[PDB]
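>>> to kick things off, part of the complex as it is:
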Amino acid sequence: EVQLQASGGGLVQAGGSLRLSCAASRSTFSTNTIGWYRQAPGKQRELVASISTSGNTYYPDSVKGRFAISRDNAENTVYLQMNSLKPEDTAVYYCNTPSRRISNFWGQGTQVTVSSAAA
């Protein structure tokens, strides 16, 4: 009974695709907004996607049209589908609720490394 742990990150080629999964408890999934954040080693944390209980979504211009935040009610999981990845998206990814963000309760992060494309 420890939730909001990000997983699925690994090594990916440029312009590739990867899908992160966020396992949340049924109580938290049903009543909380779930967001995906990322942090480059040295840089600050950045919200990359957010999804309300009603399914309303938020994405910044930096990842608009490339990333997709989803909710699977059957498995109480929030997925982040990242398409057309770039080396600028290389960061450790975490999933969190706005209240846990304020109280600084951060779960397990998943490292996503994007390798540079050929000539």
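Here it is on my side, so go on. Numbering: from 1, shown residues only, chains lettered A, B, ... in the order given.
>>> would residue A:114 count as being in a strand?
Yes: checked against DSSP: H, G, I helix; E, B strand; the rest coil, residue A:114 lies within a strand.
>>> so it touches residue A:84, yeah?
No: between residue A:114 and residue A:84 there is no contact under C-beta atoms under 8 Å: 10.3 Å. C-beta: built from backbone N, CA, C; applies to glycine.
>>> so what sits against both of the two?
Common neighbours of residue A:114 and residue A:84, using C-beta atoms under 8 Å, 6 or more residues apart in numbering, are residue A:16.
>>> what about the two, which has more around it?
residue A:114 (20 against 13; other C-beta atoms under 10 Å).
>>> measure the more buried one to residue A:71 for me?
Computed as C-beta to C-beta, to the nearest Å, the residue A:114 to residue A:71 distance reads 25 Å.
>>> what does residue A:31 give?
For residue A:31 relative to residue A:71 (C-beta to C-beta), the value is 13 Å.
>>> more neighbours: which of these two?
Ranked by neighbour count (other C-beta under 10 Å), residue A:31 and residue A:71 place residue A:71 first, with 19 against 9.
>>> the more buried one in helix, strand or coil?
When classified by three-state DSSP, residue A:71 comes out as strand.
>>> quick check: beta-bridge partners of it?
Counting by DSSP bridges, residue A:71 forms beta bridges with residue A:78.
>>> I'd say it and residue A:34 touch.
Yes: contact criterion C-beta under 8 Å: residue A:71 and residue A:34 qualify, at 7.5 Å.
>>> okay, and the common contacts of the two?
With contacts taken as C-beta under 8 Å, 6+ apart, the residues that reach both residue A:71 and residue A:34 are A:51, A:78.
>>> all helices of chain A, in order?
A:26-31, A:98-102 (DSSP state H).
>>> in TSV, list the ones you listed along with distance to residue A:63.
TSV is the format used below for those (distance: least, C-beta to C-beta, whole Å):
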stretch	distance to residue A:63
helix A:26-31	23
helix A:98-102	18
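>>> and residue A:61, which of those helices is closest to it?
helix A:98-102 (20.6 Å; C-beta to C-beta).
>>> who touches the closest one?
A:4, A:32, A:33, A:35, A:37, A:106.
>>> also put chain B on there:
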Amino acid sequence: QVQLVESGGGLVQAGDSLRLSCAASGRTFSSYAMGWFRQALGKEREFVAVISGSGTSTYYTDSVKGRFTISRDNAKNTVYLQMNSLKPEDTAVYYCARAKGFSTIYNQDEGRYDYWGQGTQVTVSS
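One more piece, chain B, placed on the ones above:
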């Protein structure tokens, strides 16, 4: 003219039930509490029960608590007293009376009742 007429007094046995009815005149029946008193042969008149002008609040003396139930029908200008599981100690003349005020907590003594009925004898045997 305010008038109160009790009805339903009679001879009953121990354990039996008996309902006393009280009809009161006046278009402001709902504005005053209605109470029942009893007076045994040789004893002073004592308080029995009181019901607020709205009927949503009641109070009973220790001797009748959980045996007697005071109710009122503001539409029919009447106040009732159901007396279940009667004892020989309940044998007295019963009076219904109208209080000066509306509540149960402030109107439970004779000095708070300006209108009285003519009385109704209730007798209980062994």
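>>> how close does residue B:103 get to residue B:59?
For residue B:103 relative to residue B:59 (C-beta to C-beta), the value is 9 Å.
>>> what's the answer for residue B:99, then?
11 Å.
>>> now do the shared contacts for the two.
Residues touching both residue B:99 and residue B:59 (C-beta atoms under 8 Å, 6 or more residues apart in numbering or on different chains): residue B:50.
>>> so which of these two has more stuff around it?
The residue with more neighbours, out of residue B:99 and residue B:59, is residue B:99; 24 against 18, by other C-beta atoms under 10 Å in any protein chain shown.
>>> mind listing what that one touches?
B:32, B:33, B:34, B:35, B:50, B:107, B:112, B:113, B:114.
>>> could those residues go into TSV alongside secondary structure, distance to residue A:90 and neighbour count?
Below are the contacts of residue B:99 laid out as TSV (DSSP: H, G, I helix; E, B strand; the rest coil; distance: C-beta to C-beta, whole Å; neighbours: other C-beta atoms under 10 Å in any protein chain shown):
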residue	secondary structure	distance to residue A:90	neighbour count
B:32	coil	84	23
B:33	coil	82	28
B:34	strand	85	29
B:35	strand	86	28
B:50	strand	82	28
B:107	coil	83	24
B:112	helix	86	18
B:113	strand	90	22
B:114	strand	92	11
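>>> report the beta-bridge partners for the residue nearest in space to the middle of chain A.
Geometric centre of chain A, nearest residue: residue A:36, 3.4 Å, by C-alpha atoms, centre = their mean. Beta-bridge pairing for residue A:36 (DSSP bridges): residue A:49, residue A:95.
>>> so it is in contact with residue A:20, correct?
Yes: assessed by C-beta under 8 Å, residue A:36 is found in contact with residue A:20 at 7.1 Å.
>>> pull up the overlap in contacts between those two.
Contact criterion C-beta under 8 Å, 6+ apart; residues shared by residue A:36 and residue A:20: A:6, A:80, A:93, A:95.
>>> now the residues you listed: which count as buried?
Among those, those classed as buried by neighbour count (16 or more other C-beta atoms under 10 Å in any protein chain shown) are A:6, A:80, A:93, A:95.
>>> extend the structure above with chain C:
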Amino acid sequence: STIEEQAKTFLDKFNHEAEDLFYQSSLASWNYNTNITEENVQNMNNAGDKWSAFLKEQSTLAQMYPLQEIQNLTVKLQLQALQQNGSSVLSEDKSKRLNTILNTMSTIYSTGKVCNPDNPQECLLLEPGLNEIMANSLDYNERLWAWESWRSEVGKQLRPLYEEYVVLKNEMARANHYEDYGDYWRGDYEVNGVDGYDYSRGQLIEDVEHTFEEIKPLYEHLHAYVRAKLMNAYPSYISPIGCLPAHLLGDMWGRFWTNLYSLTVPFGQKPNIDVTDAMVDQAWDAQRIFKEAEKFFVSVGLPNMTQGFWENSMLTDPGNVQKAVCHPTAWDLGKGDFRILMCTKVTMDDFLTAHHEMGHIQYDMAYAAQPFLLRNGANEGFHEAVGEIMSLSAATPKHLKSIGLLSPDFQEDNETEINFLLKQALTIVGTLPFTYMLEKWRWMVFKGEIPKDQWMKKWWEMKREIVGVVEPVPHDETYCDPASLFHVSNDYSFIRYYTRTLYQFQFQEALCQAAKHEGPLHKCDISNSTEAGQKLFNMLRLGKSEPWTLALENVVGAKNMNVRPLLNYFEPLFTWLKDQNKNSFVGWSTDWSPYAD
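Following on from the chains above, chain C is added here:
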């Protein structure tokens, strides 16, 4: 890229995350207010604390966007409301202490009971016990006991807390660059940087006081007439020149004189315009009351209540086992969830409250399109004036007759006209000096004009001077009679009730003009008028997106509160009362007191 584009991005994130946090805080509050339990009070506090933390985070984040470099009014207003620090300006210990005092005062009021000295288990609560005595009792001594026991058992308890509350509240307000807590509250009316539509906090006092002077003659005549009627009701207890004894005014404080109608009705033998008995005779229930109120809004073009309103609202007292807070409330939980919590009684007062509260729900349904922060009335008086608009029409004999609560053979006489206006004046006019004097006291207390050793001395000098109401028994500084009223001990501004009263007649005048109504304003019913409904809806859907001076002007053509429509409504009654009081004293002596000898 630009600072406006940056603020827009910030507000999109805010509006997104606010939906769930607010809905969970509101649902927990609903689940506590309808089923008062320790499990539900803790759930309410958990969700509420999460909401407060989000608001304190987003507040500090909004600070980096100077609202001077913002042209878009919609984003400027949302940013302006978010960058308010409020209670967060206080140290951790002071925020904790202030919330402790606030909760303690709130629970003393809601759980305070007066008891029998020889039987401490036999007790009464304010609602319904003591309020029933104050509303229906005809005995001077019982009413005096209920009045003095409320102020003595509970008011004396609130006094030390209120003294501490004013200190911390003033520290909070002065740290936010306000003069005092009263000045802070008057900030709700403030509009700035909008040429022609500006309004200062100081202007509120000047306008409330200038308006009140015009109310004064109508009130004095209503007061003198009531005083004559009360002398018949309570012989030997009222002076023909003195103030009205505080315990004989219809409720626990004399906030409304509504329950004096039986004692003061001008023409008693006329068919009663208080349909409370006709509802009871027709076996009306709370569902009929609420379905009837819903039918009124549909008639002016507005929508029916949502399915969730009929599924989730609590329209009656659960009473036995499940305990609820019976203050009539309109709930806008967000996520399209609207509910009403009200322990409805089959009374005309509750029938009018059902219309008032559904008016609140209709305002909520209308501005739901607005961004989160702009989902409120143009000012604190807007929501209260809108509900009262519904009551003005609902209460008319023309309306009650059309809904069956008045016989089809009902004839509107010039006497029924006075019977109607007198009943209205007891509620509407009767509350204006009470409301003005209540806030005037708080404003002066917060300002520092009234020292603690004179709080109660000044309260009763102001009650006698402004309200023409006198304490039946002397109260020293151990009492705190202001705190014995819900809004005082529960930290709510009261001037909304004064401003809403004036707004309601401005709106009613404008709405009847839209409905092509011929004749006196008091004979107007906006039912079955979609023209009136549209004019109202266009203002309702606006929320807080436009300053109140502009929002008011868009409906009534005046960018400020005006007493003229209120006076025109009561004109027939004013000229009647003038003749009734021809050989009476009009006004009062502040020296007469029930306890003087």
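>>> the contacts of helix A:98-102 with chain C there, same question as before?
Against helix A:98-102 from outside (C-beta under 8 Å, 6+ apart): A:4, A:32, A:33, A:35, A:37, A:106, C:17, C:21, C:50, C:53, C:54, C:57.
>>> quick one: contacts for the residue in chain B positioned nearest to chain C?
In chain B, no residue comes nearer to chain C than residue B:101, which is 3.5 Å away by C-beta to the nearest C-beta. By C-beta under 8 Å, 6+ apart, the residues touching residue B:101 are B:32, B:33, B:107, B:112, C:133, C:137, C:138, C:139, C:141, C:142, C:143.
>>> could you give the bridge partners of residue C:115?
Bridge pairing for residue C:115 - DSSP bridges - gives residue C:123.
>>> quick revisit: list just the nearest of the contacts of residue B:101 to residue C:294.
Checking those one by one against residue C:294 (C-beta to C-beta), the nearest turns out to be residue C:133, at 33.8 Å.
>>> pretty sure the closest one contacts residue C:143?
Yes: Residue C:133 is in contact with residue C:143 according to C-beta under 8 Å; the separation is 6.6 Å.
>>> find the helix or strand that residue C:262 is a member of.
helix C:261-264 (DSSP states H and E).
>>> pull out the buried positions in that helix.
C:261, C:263, C:264.
>>> show me which of those residues is closest to chain A.
Distances from chain A to the buried residues of helix C:261-264, taken by C-beta to the nearest C-beta, are shortest for residue C:261, at 48.4 Å.
>>> what about the strands in chain A?
Chain-ordered strands for chain A, with DSSP state E as the definition, fall at A:5-7, A:11-13, A:18-23, A:34-39, A:45-51, A:57-58, A:67-72, A:77-82, A:91-96, A:110-115.
>>> thinking again about what came up before, for the residue of chain B closest to chain C, give its distance to residue C:144.
Distance from residue B:101 to residue C:144, counting by C-beta to C-beta: 11 Å.
>>> try residue C:548
Distance from residue C:548 to residue C:144, by C-beta to C-beta: 42 Å.
>>> repeat for residue C:507
40 Å.
>>> neighbours around residue C:192, how many?
Neighbours around residue C:192, by other C-beta under 10 Å: 10.
>>> next: residue C:259.
Residue C:259 - counted by other C-beta under 10 Å - has 17 other residues nearby.
>>> what does residue C:272 give?
With other C-beta under 10 Å as criterion, residue C:272 counts 18.
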